[PDB]
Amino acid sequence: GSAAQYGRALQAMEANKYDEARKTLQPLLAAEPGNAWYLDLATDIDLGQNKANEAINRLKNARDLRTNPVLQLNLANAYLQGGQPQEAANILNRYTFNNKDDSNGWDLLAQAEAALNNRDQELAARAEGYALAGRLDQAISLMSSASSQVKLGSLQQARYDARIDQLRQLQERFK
């Protein structure tokens, strides 16, 4: 059934047999073009075969795109691999806010902001990745740098300094 075909395609995907995975997944996707998990696998297959624009157009056509975090993260990744870091960062700034514990989202945001030469944002996203990896001193260091780069007295500076305060008192529970 569909469960068997999905499992076969996912197994092929993980073995980097993209063509085999595609042939197995395609009839599932054609029948349910908005199934978030069929779209998730279709995105990985297309990006594996350097077809980011195909993956982008497909996700842009999904109804649940704006409300489904699986579809959001996939479209951000496809934009990043498709040479569109700006659209990726647009998605990822919302995604990381709504899914603060997801290290994949922070890593992707850090990649996008590095591609966009948005340095304090890159630093902040790298700091959040370090915090999720428990490297709290290092996260505070990078967040301190990010704070120091935006205009003194701005809300952005206040946000970064508030994150520093949150990281410090979290350190305290591990001393």
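Position 1 is the first residue in the sequence shown; the rest follow in order.
Of the two segments, 63 to 71 and 104 to 112, the one listed with the higher mean B-factor is 63 to 71 (C-alpha atoms only). Two stretches are in play, 42 to 50 and 115 to 123, and the higher mean C-alpha B-factor belongs to 42 to 50. Between the residues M13, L25, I164, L155, it is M13 that shows the highest Cα B-factor in the PDB record. Ranked by Cα temperature factor within the chain, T96 sits in the middle third according to the deposited record. In the deposited entry, the Cα temperature factor of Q86 sits in the bottom third of values across the chain's modelled residues.
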